[PDB]
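Okay, here we've got a single chain as structure tokens, the form deposited without the named molecule, with questions on binding and movement later.
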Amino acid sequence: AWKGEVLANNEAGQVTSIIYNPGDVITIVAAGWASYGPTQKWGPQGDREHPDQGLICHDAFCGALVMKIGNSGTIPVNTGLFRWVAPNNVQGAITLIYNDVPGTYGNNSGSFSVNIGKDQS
């Protein structure tokens, strides 16, 4: 049961209190409005119209919510995950990150409100 925020302009991400363990089943709901530069704002799925220019997650759009579990590569979160189990050999603290190009977070604004819970297993 973690609840908190993820700033668009935070390159390092938001480390949550959720340690993902082998067999854990998780739910995530992400909401909100944030920008990677422009005056317009996008939701947790990001901007489907914008080209990939070196995103930390190539499998999500610019401005999408992504995560790392432990020492994993980025995993798309987008609007959330429903009763979700990680690939085998993936474990450790969940960090939530705004999908942008490394070095380009200065002009980002807004944030995502995210809830994460462990489910019956």
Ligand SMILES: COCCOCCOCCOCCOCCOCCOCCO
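When you see a residue number, it is the position in the sequence shown, counting from 1.
Keep in mind the form deposited with the named molecule bound is missing from the figure; the text below concerns it.
- The named molecule is not shown here, but in the entry with it bound it comes within 4.5 Å of a heavy atom of residue 56.
- Within this chain, residue 45 is remote from the site of the named molecule in the entry with it bound, having no heavy atom within 4.5 Å.
- Using a 4.5 angstroms threshold between heavy atoms, residue 73 counts as touching the named molecule in the entry with it bound.
- When the named molecule is considered in the entry with it bound, residue 11 lines it closely, a heavy atom lying within 4.5 Å.
- Counting a residue when any of its non-hydrogen atoms is within 4.5 Å of the named molecule in the entry with it bound, the hits in 79 to 116 run 95, 97.
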